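Here is coords_28.txt, consisting of compact mmCIF, C-alpha atoms:
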```txt
# COMPACT_ATOMS: atom_id res chain seq x y z
CA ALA A 133 37.01 30.54 22.76
CA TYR A 134 39.29 27.54 22.39
CA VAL A 135 43.10 27.67 22.29
CA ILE A 136 45.65 25.35 20.69
CA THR A 137 47.69 23.82 23.52
CA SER A 138 49.80 21.40 21.45
CA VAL A 139 50.40 20.26 17.88
CA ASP A 140 52.30 17.31 16.40
CA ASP A 141 54.53 18.72 13.67
CA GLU A 142 55.92 15.42 12.36
CA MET A 143 52.51 13.74 12.07
CA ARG A 144 51.08 16.80 10.32
CA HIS A 145 54.00 16.86 7.87
CA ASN A 146 54.28 13.12 7.21
CA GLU A 147 50.57 12.73 6.38
CA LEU A 148 50.13 16.20 4.89
CA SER A 149 50.19 14.90 1.30
CA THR A 150 47.31 12.51 1.98
CA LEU A 151 45.13 15.07 3.78
CA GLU A 152 45.63 17.63 1.00
CA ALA A 153 44.44 14.98 -1.46
CA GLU A 154 41.36 13.93 0.51
CA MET A 155 40.59 17.62 1.05
CA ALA A 156 40.59 18.60 -2.63
CA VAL A 157 38.51 15.52 -3.49
CA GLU A 158 35.88 16.55 -0.95
CA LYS A 159 36.06 20.14 -2.19
CA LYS A 160 35.70 18.87 -5.77
CA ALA A 161 32.80 16.62 -4.77
CA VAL A 162 31.00 19.74 -3.52
CA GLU A 163 31.88 21.59 -6.74
CA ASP A 164 30.44 18.84 -8.94
CA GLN A 165 27.17 19.01 -6.98
CA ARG A 166 26.99 22.80 -7.35
CA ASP A 167 27.31 22.73 -11.14
CA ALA A 168 25.04 19.68 -11.30
CA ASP A 169 22.29 21.38 -9.29
CA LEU A 170 22.56 24.64 -11.24
CA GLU A 171 22.19 23.04 -14.68
CA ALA A 172 19.14 21.03 -13.60
CA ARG A 173 17.58 24.24 -12.27
CA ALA A 174 18.35 26.18 -15.46
CA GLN A 175 16.77 23.41 -17.54
CA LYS A 176 13.71 23.67 -15.29
CA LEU A 177 13.68 27.42 -15.94
CA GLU A 178 13.83 26.98 -19.72
CA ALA A 179 11.05 24.39 -19.48
CA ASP A 180 8.82 26.64 -17.36
CA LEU A 181 9.33 29.74 -19.51
CA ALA A 182 8.56 27.49 -22.48
CA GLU A 183 5.18 26.53 -21.00
CA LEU A 184 4.50 30.26 -20.70
CA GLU A 185 5.47 30.71 -24.36
CA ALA A 186 2.95 28.04 -25.37
CA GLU A 187 0.41 29.40 -22.88
CA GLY A 188 -0.63 33.03 -22.81
CA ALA A 189 2.42 35.18 -22.15
CA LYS A 190 2.83 38.69 -20.74
CA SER A 191 6.17 40.48 -21.02
CA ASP A 192 6.01 41.40 -17.33
CA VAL A 193 4.70 38.06 -16.02
CA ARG A 194 7.43 36.05 -17.74
CA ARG A 195 10.03 38.50 -16.42
CA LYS A 196 9.11 37.92 -12.77
CA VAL A 197 9.18 34.16 -13.34
CA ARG A 198 12.56 34.67 -15.01
CA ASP A 199 13.59 37.03 -12.20
CA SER A 200 12.38 34.42 -9.71
CA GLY A 201 14.45 31.67 -11.33
CA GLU A 202 17.64 33.74 -11.35
CA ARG A 203 17.06 34.44 -7.65
CA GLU A 204 16.80 30.75 -6.76
CA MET A 205 19.93 29.98 -8.79
CA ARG A 206 21.81 32.75 -6.96
CA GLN A 207 20.71 31.17 -3.67
CA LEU A 208 22.01 27.75 -4.76
CA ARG A 209 25.41 29.08 -5.84
CA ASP A 210 25.86 31.32 -2.78
CA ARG A 211 25.16 28.40 -0.44
CA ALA A 212 27.62 26.16 -2.30
CA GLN A 213 30.19 28.96 -2.15
CA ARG A 214 29.77 29.26 1.63
CA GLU A 215 30.43 25.51 1.93
CA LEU A 216 33.64 25.94 -0.08
CA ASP A 217 34.74 28.98 1.93
CA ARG A 218 34.21 27.01 5.14
CA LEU A 219 36.19 24.09 3.69
CA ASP A 220 39.09 26.34 2.71
CA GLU A 221 38.90 27.82 6.22
CA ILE A 222 39.21 24.35 7.77
CA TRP A 223 42.26 23.46 5.67
CA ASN A 224 44.01 26.81 6.11
CA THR A 225 43.45 26.72 9.87
CA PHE A 226 44.84 23.18 10.07
CA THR A 227 47.99 23.70 7.99
CA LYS A 228 48.90 26.88 9.89
CA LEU A 229 47.82 25.37 13.22
CA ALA A 230 50.19 26.54 15.96
CA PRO A 231 50.19 26.67 19.77
CA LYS A 232 48.72 29.85 21.31
CA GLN A 233 46.38 30.24 18.32
CA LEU A 234 42.73 31.05 19.01
CA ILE A 235 39.80 29.14 17.51
CA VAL A 236 36.73 31.23 18.29
CA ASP A 237 34.38 29.37 15.92
CA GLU A 238 32.59 26.48 17.62
CA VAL A 239 31.77 24.53 14.46
CA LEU A 240 35.29 24.99 13.09
CA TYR A 241 36.96 23.63 16.23
CA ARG A 242 34.97 20.39 16.35
CA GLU A 243 35.45 20.06 12.59
CA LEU A 244 39.18 20.18 13.31
CA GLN A 245 38.49 17.62 16.06
CA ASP A 246 36.72 14.87 14.12
CA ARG A 247 39.29 15.09 11.32
CA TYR A 248 42.86 15.99 12.42
CA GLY A 249 41.92 15.67 16.11
CA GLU A 250 44.81 13.23 16.58
CA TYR A 251 47.43 15.74 15.37
CA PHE A 252 46.76 18.43 17.99
CA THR A 253 45.14 19.25 21.33
CA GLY A 254 43.09 22.19 22.54
CA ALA A 255 41.28 23.30 25.67
CA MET A 256 39.53 26.22 27.38
CA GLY A 257 39.68 28.01 30.71
CA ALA A 258 42.54 28.32 33.16
CA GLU A 259 43.20 24.62 32.50
CA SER A 260 44.52 25.60 29.07
CA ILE A 261 46.63 28.47 30.43
CA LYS A 262 48.26 26.14 32.96
CA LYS A 263 49.28 23.91 30.05
CA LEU A 264 50.77 26.80 28.06
```
Kindly return the structure encoded in the file as structure tokens.
Amino acid sequence: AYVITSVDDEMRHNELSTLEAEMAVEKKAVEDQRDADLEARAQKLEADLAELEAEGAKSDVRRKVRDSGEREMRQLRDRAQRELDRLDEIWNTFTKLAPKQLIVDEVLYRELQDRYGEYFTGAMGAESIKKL
């Protein structure tokens, strides 16, 4: 696991307003997609169940198609929610970033590296302990 060896408090504070803005906009951009994908899928559902209404319809057949559509929609929302939870995790970890903290998640650390990598430093192994 990685460890936070150093953090720049001034730089984090001075530019905090801007990061918080860019963060919410990205989080909102994901939210717009979620709702946009769900409505298109629900319109597809209503269209498909309508074909079955025009065609021959069985109360049990339509239900499994219905049940199948609700399942796909639940998959779409759950995946979008995971993306949001990860995004909130990135921001929370960054604001509360402090030396001696532990970042066990590989993807999270390098996400903190690409964006915000200039505000802090981290390492692994005895090299990191020597720094602390």
Q. Which residues, written as a PyMOL selection string, have at least one atom at most 9 Å from range 196-199 of chain A, with only C-alpha atoms counted and residues fewer than 4 positions away on the same chain left out?
A. chain A and resi 177+180-181+192+203-204
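Computed from the coordinates, the CA of residue 179 in chain A to CA of residue 210 in chain A distance equals 23.4 Å.
Ranking A:145, A:209, A:184, A:151 by their shortest atom-to-atom distance to residue 168 in chain A, with only C-alpha atoms included, puts A:209 first.
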Q | Exercise: residue 254 in chain A partners within 12 Å, all atoms listed in the file, chain neighbours under 5 positions left out, as a VMD selection string | A | chain A and resid 133 to 139 229 to 236 241 to 242 244 to 245 248 to 249 259 to 261 263 to 264
A straight line from CA of residue 167 in chain A to CA of residue 239 in chain A spans 26.0 Å
Using all atoms listed in the file, the residue out of A:243, A:215, A:141, A:183 with shortest distance to residue 160 in chain A is A:215
**Prompt:** Can you tell me, as a PyMOL selection string, what residues are no more than 10 Å from residue 219 in chain A when counting only C-alpha atoms, ignoring any on the same chain fewer than 4 positions away?
**Reply:** chain A and resi 155-156+158-159+162+213-215+223-225+240+243
One residue among A:211, A:262, A:247, A:190 is nearest to residue 226 in chain A when using only C-alpha atoms, and that residue is A:247
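Interatomic distance, CA of residue 142 in chain A to CA of residue 228 in chain A: 13.7 Å.
Taking all atoms listed in the file into account, residue 157 in chain A lies nearest to A:216 out of the set A:172, A:216, A:227, A:251.
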